[PDB]
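Just one chain is shown here, as structure tokens, and it is the form deposited in one PDB entry.
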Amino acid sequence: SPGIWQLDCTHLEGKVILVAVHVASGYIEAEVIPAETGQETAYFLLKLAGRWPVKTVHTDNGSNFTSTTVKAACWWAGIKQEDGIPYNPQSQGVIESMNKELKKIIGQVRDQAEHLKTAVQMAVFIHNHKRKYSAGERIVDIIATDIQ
């Protein structure tokens, strides 16, 4: 549905890349953090929910699901926190392929940026703009349709 997002955490260069995927479109937002904490995850979700109409988040692991700080952010922002258990198993493989794909793009841009965070944002750009309609186009269409 239009409001469903999935959290995803992947590792690169001794750092963590936290990713939110809009499940119906494939659109992503991402940030680099030193390590996955409840505090970082809570702040990331607050940013996300101020930018898109986030109704439901499938959390990436049990620690973030349990985190009182993540729960506080979800309460504040009106997000239903759910487990991310892939009862449909093609869900997990799609996330796995996306992490591989994002890492490939990061490799392709890596030498154009001094800092990993910049390379990650370049990769977000390329991912969201790539036509296959683009993910950026798909999310806007899905949400506009839901509004009207």
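All residue numbers refer to positions in the sequence shown, first residue = 1.
Beyond what is shown, the protein has a form deposited with a small molecule bound; the following relates to that form.
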Residue contact check: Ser97 to the small molecule in the deposited complex, 4.5 Å heavy atom: yes
4.5 Å heavy atom contact, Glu101 and the small molecule in the deposited complex: yes
The small molecule contact at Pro86 in the deposited complex, heavy atom, 4.5 Å: no
